[PDB]
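# Examining the three-dimensional arrangement
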Amino acid sequence: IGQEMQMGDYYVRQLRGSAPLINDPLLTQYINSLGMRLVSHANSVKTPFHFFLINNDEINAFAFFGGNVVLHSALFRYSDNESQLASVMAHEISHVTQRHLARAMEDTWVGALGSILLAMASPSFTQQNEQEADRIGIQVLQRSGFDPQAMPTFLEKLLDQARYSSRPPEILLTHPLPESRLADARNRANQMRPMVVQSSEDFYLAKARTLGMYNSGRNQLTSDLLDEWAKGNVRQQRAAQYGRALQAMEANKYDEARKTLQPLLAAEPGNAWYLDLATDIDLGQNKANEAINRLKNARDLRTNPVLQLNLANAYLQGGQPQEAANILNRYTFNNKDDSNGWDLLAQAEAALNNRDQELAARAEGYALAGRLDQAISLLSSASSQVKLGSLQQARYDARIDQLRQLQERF
Amino acid sequence: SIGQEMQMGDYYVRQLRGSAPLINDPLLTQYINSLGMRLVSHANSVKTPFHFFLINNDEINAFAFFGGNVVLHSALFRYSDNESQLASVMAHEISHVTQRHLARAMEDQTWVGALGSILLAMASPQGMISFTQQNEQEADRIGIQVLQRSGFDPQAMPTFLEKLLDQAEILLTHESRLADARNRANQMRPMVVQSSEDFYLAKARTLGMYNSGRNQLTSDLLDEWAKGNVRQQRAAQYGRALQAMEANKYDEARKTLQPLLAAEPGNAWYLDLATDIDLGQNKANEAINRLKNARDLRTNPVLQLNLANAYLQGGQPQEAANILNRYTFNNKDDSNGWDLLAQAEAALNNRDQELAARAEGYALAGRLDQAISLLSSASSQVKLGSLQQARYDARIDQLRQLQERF
Amino acid sequence: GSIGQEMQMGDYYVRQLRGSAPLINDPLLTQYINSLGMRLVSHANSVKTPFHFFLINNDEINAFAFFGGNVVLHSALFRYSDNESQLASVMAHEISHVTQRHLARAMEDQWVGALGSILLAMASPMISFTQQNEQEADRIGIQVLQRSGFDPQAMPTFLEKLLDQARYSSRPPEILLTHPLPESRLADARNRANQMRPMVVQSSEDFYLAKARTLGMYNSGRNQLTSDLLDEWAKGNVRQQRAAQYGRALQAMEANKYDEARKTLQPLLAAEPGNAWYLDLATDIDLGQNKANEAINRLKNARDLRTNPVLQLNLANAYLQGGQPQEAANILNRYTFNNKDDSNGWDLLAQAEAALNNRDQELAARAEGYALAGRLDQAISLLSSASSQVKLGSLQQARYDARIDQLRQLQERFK
Ligand SMILES: [Zn+2]
Ligand SMILES: [Zn+2]
Ligand SMILES: [Zn+2]
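How each quantity is defined
Residues numbered from 1 in each chain as written, not as in the entry; some residues may be left out. Chains lettered and ligands numbered in written order. Part of a larger assembly, values for the part shown. Heavy atoms only, no water. Helix = DSSP H or I, 4+ residues; strand = E, 2+ residues; numbered from the N terminus. Rg over C-alpha atoms; globule rule 2.2 N^0.38 Å. Buried < 20%, exposed > 50% of the residue type's maximum accessible area, 1.4 Å probe, protein only. Areas by Shrake-Rupley, 256 points an atom, 1.4 Å probe, with all protein chains shown as cover. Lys, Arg positive; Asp, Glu negative; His and termini not counted. Charge placed at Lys NZ, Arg CZ, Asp CG, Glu CD. UniProt positions renumbered as here; feature names shortened; annotations may be inferred. Contact = heavy atoms within 4.5 Å. Buried area = accessible area lost by both parts, 1.4 Å probe. Salt bridge = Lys/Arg side-chain N within 4 Å of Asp/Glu carboxyl O. Nonpolar A, V, L, I, M, F, W, Y, C, P; charged D, E, K, R; others polar. Axes fitted to C-alpha atoms, helices over the stretch in contact; angles between N-to-C directions. Parallel < 35°, antiparallel > 145°, perpendicular 65-115°, else oblique. Left-handed = near helix turned anticlockwise from the far one by under 90°. 1 Å grid on protein atoms, 1.4 Å probe; cavity = no way out; pocket = protein on both sides within 12 Å on 5 of 7 lines; lining within 4 Å. Pairing = 2+ DSSP bridges. Donors = N, O, S within 2.8 Å, 3.2 Å for Na, K, Ca; no water. Tetrahedral: all angles 85-135°; square planar, octahedral: opposite > 155°, others 65-115°. Points joined across faces, edges and corners; volume = space filled by probe spheres on them. Polar contact = N/O pair within 3.5 Å; in protein donor to acceptor, adjacent residues only side chain to side chain.

What the entry reports as its method is X-ray crystallography, with 2.5980 Å given for the resolution.

On to the overall build of chain A. Counting its secondary structure elements, chain A contains 22 helices and 3 strands. Its C-alpha atoms give chain A a radius of gyration of 23 Å, within 12% of the compact-globule value 22 Å for 410 residues. In terms of overall dimensions, chain A has a C-alpha envelope of 70 × 55 × 35 Å along the principal axes. For chain A, the residues scored as buried account for 52% of the 410 residues in total. Accessible area for chain A stands at about 18900 Å²; split by element, carbon and sulfur atoms hold 46% of it. When the 41 positive and 45 negative side-chain charges of chain A are each reduced to one mean point, those points stand 2 Å apart.

All names here are of chain A. Look at the UniProt record and you will see "active site" annotated at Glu92 and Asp134. If you trace the backbone, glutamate 92 turns up in helix α4 (residues 82-97). Those residues in contact with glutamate 92 that sit more than four places away from it in its chain are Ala61, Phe62, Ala63, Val69 and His175. For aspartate 134, the location among the structural elements is in helix α7 (residues 127-143). Judged by its relative accessible area of 6%, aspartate 134 is buried. Sequence-distant contacts of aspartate 134, defined by excluding residues within four places in its chain, comprise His91, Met151, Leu155 and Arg181.

Take the UniProt feature "repeat: TPR" in chain C next. All names here are of chain C. In the UniProt entry, the feature "repeat: TPR" is given for residues 242-275, 277-309, 310-342 and 360-393. As annotated, residues 277-309 has a helix share of 67% and a strand share of 0%, and its two end C-alpha atoms lie 12 Å apart. Annotated as residues 360-393, this span is 76% helix and 0% strand, and its ends, taken at the C-alpha atoms, are 15 Å apart.

This part covers the interface of chain B and chain A. On the side of chain A, 10 residues touch chain B, which itself brings 9 residues to the contact. Summing both sides of the interface, chain B and chain A together bury roughly 770 Å²; the carbon and sulfur share of this comes to 50%. Considering only the surface of chain B that becomes buried against chain A, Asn248(B), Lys249(B) and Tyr250(B) emerge as the three largest contributors, covering 48% of it. Note that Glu252(B) is salt-bridged to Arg395(A), the shortest N-O span being 2.9 Å. Examining the composition of the side of chain B that touches chain A, we find that 4 residues originate from one element, helix α14 (residues 250-263) of chain B, more than from any other. Among the residues forming the side of chain B that touches chain A, the class breakdown is 2 nonpolar, 3 polar and 4 charged.

Our focus in this paragraph is the interface of chain C and chain A. Contacts between the two partners involve 11 residues from chain C and, on the opposite side, 12 residues from chain A. Buried surface at the junction of chain C and chain A, summed over both partners, amounts to about 850 Å²; 33% is from carbon and sulfur atoms. A per-residue breakdown of the area chain C buries against chain A is headed by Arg366(C), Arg375(C) and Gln378(C), which together make up 47% of the total. Between chain C and chain A we count 2 salt bridges in total.

Here we come to the packing of helix α2 (residues 26-40) of chain B against helix α11 (residues 197-209) of chain B. For any two helices packed against each other, one specifies the crossing angle of their axes together with the interaxial distance. Residue and element names in this part refer to chain B. For the pair α2 and α11, interaxial distance at closest approach is 10 Å and the crossing angle is 135°. If you check the angle between α2 and α11, you find them oblique. In this structure, the crossing between α2 and α11 has a hand that is left-handed. The residues of α11 that touch α2, namely those facing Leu27, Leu28 and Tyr31, are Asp198, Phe199, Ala202, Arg205 and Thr206. Residue classes in the contact of α2 with α11 are distributed as 5 nonpolar, 1 polar and 2 charged.

Pairing between side chains of opposite charge can happen when their charged atoms approach one another. All names here are of chain A. Going through the model one piece at a time under the given rule, you end up with 65 salt bridges over all chains. The residue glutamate 106 makes a salt bridge to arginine 103 at a minimum N-O spacing of 2.5 Å. One end of the pair is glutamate 106 and the other is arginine 103, both in helix α5 (residues 100-106) and 3 residues apart, which spans about a single turn. A relative accessible area of 48% places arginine 103 in the partly exposed class. The network of salt bridges with shared partners includes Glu4, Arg99, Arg103 and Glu106.

All names here are of chain C. Per the UniProt entry, the sites bearing "active site" are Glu94 and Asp138 in this numbering. Residues from the annotated list that form part of the lining of the second largest cavity: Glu94 and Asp138. Assignment of secondary structure puts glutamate 94 in helix α4 (residues 84-99). When its relative accessible area of 1% is taken as the criterion, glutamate 94 is described as buried. Discounting residues that sit within four places of it in the chain, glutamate 94 has contacts with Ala63, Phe64, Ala65, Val71 and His179. By the secondary structure assignment, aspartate 138 is in helix α7 (residues 131-147). By relative accessible area, which is 6% here, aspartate 138 ends up buried. Apart from residues lying up to four places away in sequence, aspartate 138 is in contact with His93, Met155, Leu159 and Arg185.

Residues and elements named next belong to chain B. Spatially, the 3 strands line up as an open sheet ordered β1-β3-β2, and their pairing is mixed. Each of the sheet's edge strands pairs with one partner strand only, and the pair in question is β1 (51-55) and β2 (62-65). Neighbour-to-neighbour, the strand axes of the sheet open up by a mean angle of 20°, direction not taken into account. Alignment of β2 against strand β3 (residues 69-73), held across 4 bridges, turns out to be antiparallel. The residue bridging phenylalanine 65 from the neighbouring strand is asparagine 69, located in β3. Sheet strands touched by α2: β1 and β3. Its angle to β1, the strand with the most contacts, is close to 140°. On the sheet, helix α6 (residues 111-123) packs against β1, β2 and β3 and is oriented at approximately 155° with respect to β2.

It is worth spelling out the packing of helix α15 (residues 272-284) of chain A against helix α17 (residues 305-317) of chain A at this point. Residue and element names in this part refer to chain A. Contact geometry of α15 with α17 gives a least axis separation of 10 Å together with a crossing angle of 10°. As far as their axial angle goes, α17 and α15 are roughly parallel. Across from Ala272, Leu275, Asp276, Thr279 and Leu283 in α15, the residues of α17 making contact are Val306, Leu307, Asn310, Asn313, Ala314 and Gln317. Across the contact of α15 with α17, the residue classes tally to 6 nonpolar, 4 polar and 1 charged.

Under perfect tetrahedral coordination by four donors, a metal shows angles of 109.5 degrees; under perfect octahedral coordination by six donors, it shows angles of 90 or 180 degrees. Residue and element names in this part refer to chain B. In this structure, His92 (NE2), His96 (NE2), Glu136 (OE) and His174 (ND1) serve as the protein donors to the zinc ion (ligand 2), at separations of 2.0 to 2.6 Å. In this structure, the zinc ion (ligand 2) is surrounded by 4 donor atoms whose angles at the metal cover 54 to 156°, and the resulting shape is irregular. Grouping residues by exposure puts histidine 92 and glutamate 136 together as buried.

Any empty space left between the atoms is revealed when a probe the size of a water molecule rolls over them. Considering only enclosed or pocket space, the largest cavity measures out at about 170 Å³ in volume. Every residue lining the largest cavity is counted, 18 residues in all, and those nearest its centre are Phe64(A), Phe65(A), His95(A), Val96(A) and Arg99(A). Those elements that provide at least two residues to the lining of the largest cavity are β2 (61-64), α4 and α5 of chain A. Class assignment for the residues of the lining of the largest cavity results in 8 nonpolar, 7 polar and 3 charged. Estimates place the volume of the second largest cavity at around 120 Å³. Along the walls of the second largest cavity sit 14 residues, with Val90(C), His93(C), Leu159(C), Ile175(C) and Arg185(C) positioned nearest its centre. Of all the secondary structure elements, the ones that give two or more residues to the lining of the second largest cavity are α4, α8 (154-168) and α9 (175-178) of chain C. The residue inventory of the lining of the second largest cavity, partitioned by class, reads 8 nonpolar, 3 polar and 3 charged.

Another point: the UniProt feature "binding site: Zn(2+)" in chain A. All names here are of chain A. Feature annotation in UniProt assigns "binding site: Zn(2+)" to the following positions: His91, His95 and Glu130. As for the annotated residues named above, the ones lining the largest cavity are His95. Summarising the element assignment, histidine 91 is placed in helix α4. In this structure, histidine 91 is in contact with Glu130, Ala133, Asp134, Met151, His175 and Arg181, ignoring residues within four places of it in sequence. Inspection of the secondary structure puts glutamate 130 in helix α7. Residue classification places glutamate 130 among the buried positions, given a relative accessible area of 0%. Apart from residues no more than four positions distant in its own chain, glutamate 130 is found in contact with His91, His95, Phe125, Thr174, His175, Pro176 and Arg181. Here the side chain of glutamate 130 touches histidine 95 through a polar contact of 3.1 Å, side chain to side chain.

So, in structure tokens, the structure goes:
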């Protein structure tokens with residue numbers, strides 16, 4: 001487990017630099033708050049878990065060392081309910097806890113494998129591992145309070161689209177599904193108790209933002225899906241109203257987006273989804289003060305990362321880079337693996353013409369993207385602009401030392 | 001009598017706490033009054049106790065009223081180049097009170113509230129009072145001696161007034177009078193001048209921690225302080241550590257303060273910031289142990305609040321209460337102690353004690369009706385006939401007498 | 001050859017030391033330690049290599065050596081050494097490990113990164129020798145120790161002073177882990193020492209001043225210059241007593257009480273205006289209170305300014321703090337070339353080139369500091385910047401690019 005936490009970091013750093021990862025706070029927070037909810041109900045967990053979202057309209061999901069589960073945004077277009085989406089995550093979670101890929105290789109090497117995981121994200125197991133991944137998957141899926149029949153329903157809807165479409169989805173290549181696999185999935189969900197679970201409000205909002213803001217190819221949020229959601233339950237109707245407000249924002253129709261979002265923010269002034277969108281609309285119309293005052297009146301400002309990055313950007317476009325830096329210095333210290341915070345920090349330090357601090361912030365973004373040589377180059381320039389023996393020299397040079405360890409390792 | 005004016009003074013002070021942006025920082029208020037106090041004792045015509053308040057306002061102004069209550073705007077620190085210049089403002093303002101000028105002026109002619117609304121308008125950054133040419137011709141020349149017996153620069157006043165002229169606010173409430181200030185300062189004596197170590201750090205924390213508008217701690221000043229005497233160089237290092245903490249640069253803050261704390265482990269200013277850095281990194285245990293080994297722990301109010309706060313964050317609300325229960329009876333008018341004591345009593349689930357501590361906070365801020373409401377709630381949760389019920393109801397009685405006077 | 005291979009490894013390990021271990025780079029302490037160490041080498045047998053002596057800022061007592069005649073000594077040796085001959089006995093011990101090639105023999109018979117990672121762990125706040133290795137080192141050491149004019153009994157007196165501390169103390173001195181000390185070794189050290197004639201030698205005045213500066217200026221943990229020691233030295237021999245006033249002036253200056261350090265320094269300055277030790281202290285007192293010019297005038301009038309690296313570095317720095325960066329550059333461009341390994345010169349050269357706004361020269365001076373510390377990739381980065389700010393084909397471009405090539409060929413030899 002010692003090495004595979006480390007090879008996980010090397011592989012996800014490569015994923016950041018090459019694959020089109022969705023770095024959105026609201027979506028990343030959702031996929032990881034949901035995914036961690038199942039890990040807490042999973043057995044034999046050796047590692048922390050992180051869940052990544054790729055902008056890819058091809059449906060696929062996979063996982064590797066260090067509890068890193070990779071999910072394509074296409075999973076939101078296929079998932080009718082939240083339990084189906086978590087059904088695939090528990091499928092992936094069980095692949096890690098059982099260490100399936102670990103043993104496939106215990107029976108030159110790491111770069112040949114890394115090209116495989118990377119090519120899958122950018123636009124296979126034998127069925128003995130896949131039966132077991134279903135085995136443990138639904139127990140976890142049911143002790144997580146989800147619908148156990150969501151897996152046979154979701155597996156079956158992959159099969160219905162593999163005959164009624166030319167070539168099958170890519171998920172069925174890494175996770176093949178014969179009729180035996182379905183019949184087992186269909187039986188064991190039959191064997192446990194019926195559950196009536198409503199999909200969380202965050203699932204429908206996350207689907208809308210995924211298909212609305214990160215549209216690409218078959219990943220569209222179409223009028224047919226929004227009109228259908230206008231008839232659905234109370235949670236789907238707010239998400240369709242949010243989806244219309246989102247797309248009115250995307251199309252630069254800011255005043256309509258404000259009036260469309262108004263009934264949802266008036267009903268829930270402290271919801272982070274509506275606060276995020278209301279900041280985009282205000283910033284789109286050069287009213288940063290309104291976007292600043294609204295987020296300072298948010299209850300969860302100092303506890304919610306989405307609100308912290310949102311108000312930092314609002315401070316940035318509002319001409320107060322120092323206020324942005326105060327948030328972003330604390331944000332990057334508590335969320336050191338978040339590339340959004342380091343980037344906004346680099347923008348803030350650049351606005352203050354703190355050149356060494358700007359280069360130091362840029363370096364973290366490059367290190368997160370697997371560009372360690374270039375991160376070292378920026379920190380070397382930073383170190384060369386400050387007196388030797390200064391605290392900034394020692395800091396920049398020590399950071400260079402730590403990144404050289406990661407490069408000497410591979 | 002002095003009695004009505006001391007009570008009128010308390011009423012105006014309560015109104016200031018509720019609406020004006022006061023700086024309640026322990027280190028700054030301890031310094032502001034410690035310097036005032038031994039400055040007070042060098043005047044003999046004083047009828048009243050004296051308290052000195054600091055207001056977060058970038059517009060320079062200073063004023064005083066009944067009960068020896070003086071108000072100093074934080075903008076005073078950027079205008080004051082040395083300790084004597086800062087005390088020159090205070091010596092001028094305390095001399096107004098000791099000779100009873102403002103009381104004299106209102107004996108000539110709804111009134112008490114009209115003056116209080118004016119006092120807030122001057123204090124609040126968001127109508128004014130004005131003195132006659134004699135009145136402050138009294139105050140300055142009566143105040144230059146009060147400054148000299150306290151061992152500060154007599155020439156510190158004049159250089160401050162000329163630094164006011166070329167910029168044409170203090171000038172509405174306050175050449176003839178100025179020419180007399182330089183007229184009168186040159187005659188007395190020339191004086192060796194050395195700011196206290198606390199003045200330089202106090203100016204650093206005011207401009208660095210309470211920066212607002214024109215009240216910034218600029219990169220020009222601390223580069224200059226690094227070239228001064230060894231007091232200003234330690235202050236410059238303290239200000240840079242302070243701004244690093246303000247910018248949440250926690251590691252840089254610890255390494256900047258480390259040489260100062262190693263040289264002066266018992267210094268209250270550095271011990272204070274070391275707690276802020278430790279709590280900012282969720283290291284409450286380390287901050288507690290450091291404060292227990294401080295020499296002046298059970299004698300210095302700043303250190304007691306710092307350790308009490310660290311006990312709260314450290315998950316020890318009882319130990320925090322043991323400190324704060326004694327602190328609030330030694331510093332009845334300190335809202336910080338009452339607020340921290342309310343946080344501790346909330347964490348111990350002593351509800352009636354929490355309502356009682358919250359009530360004192362509202363009483364100090366002038367919201368007597370609300371304080372009476374919270375004590376009424378506390379008294380309803382405690383058994384009739386208990387000592388607690390007798391205290392809560394007695395405190396309500398005391399607060400009702402206060403509001404019946406005005 | 002094998003001398004060449006071992007001096008190539010020696011340089012690699014010295015660079016690693018400079019990059020991670022806390023070496024004292026003080027001009028006076030470095031000069032003294034190497035002048036005393038060379039004095040022993042000149043009386044040693046079978047010397048094949050130059051020798052360099054390094055001082056770690058570590059209050060744990062330890063001493064060891066590796067390829068290329070590089071001897072590294074923890075500053076805690078000054079706390080244990082009552083007299084110069086005691087300190088010399090430990091160095092003679094280490095030089096004898098080098099002349100016997102004990103470390104070379106072990107690795108030859110039966111990894112470069114494994115040995116270098118141990119050397120850094122021993123210096124930062126393990127290698128062990130057999131009892132024959134220690135037996136060879138003590139005899140050969142004590143013979144070179146007295147041919148150098150020191151007290152032979154200092155070696156057993158220091159060993160027994162080490163054995164006594166190990167028995168009572170919770171943990172043994174770390175030097176006794178690298179150099180194990182059974183009673184058999186101490187009895188053998190007493191035998192050969194007793195075999196020669198008694199020799200009561202006065203420690204050099206340079207020794208007492210070095211111990212004062214080592215413990216007073218580079219104090220750390222148990223490495224303090226206590227008031228007990230100096231009150232004790234105020235009563236001593238002719239050389240010890242002025243070393244007392246020197247250390248007293250040091251911490252008066254360390255505590256930023258410069259006026260106190262003036263009055264303490266006055267009589268030794270007035271009595272001895274031509275020795276580097278108080279001249280050095282008589283520059284730091286002056287610059288600390290912004291009196292740079294007479295610190296320059298005092299050093300400009302020094303006799304051995306064109307002979308002694310300490311006065312040159314002191315005067316170069318005074319020119320910098322005095323607002324005359326070019327005068328500092330004139331000295332340091334020549335000092336860096338004659339003292340290629342002194343990282344103080346490269347740093348001061350960079351500070352002067354920075355003040356003159358000669359950015360590529362500054363980056364180039366910084367790079368030599370980084371190369372000396374084993375950070376070759378970083379030194380190459382700075383030279384690449386320097387090469388990018390001068391025109392291609394120029395004299396400076398060809399120099400910076402040739403220097404990059406040298407650092408790259410130095411890098412591949414071990415990577
Ligand atoms: Zn699978
Ligand atoms: Zn006045
Ligand atoms: Zn040995």
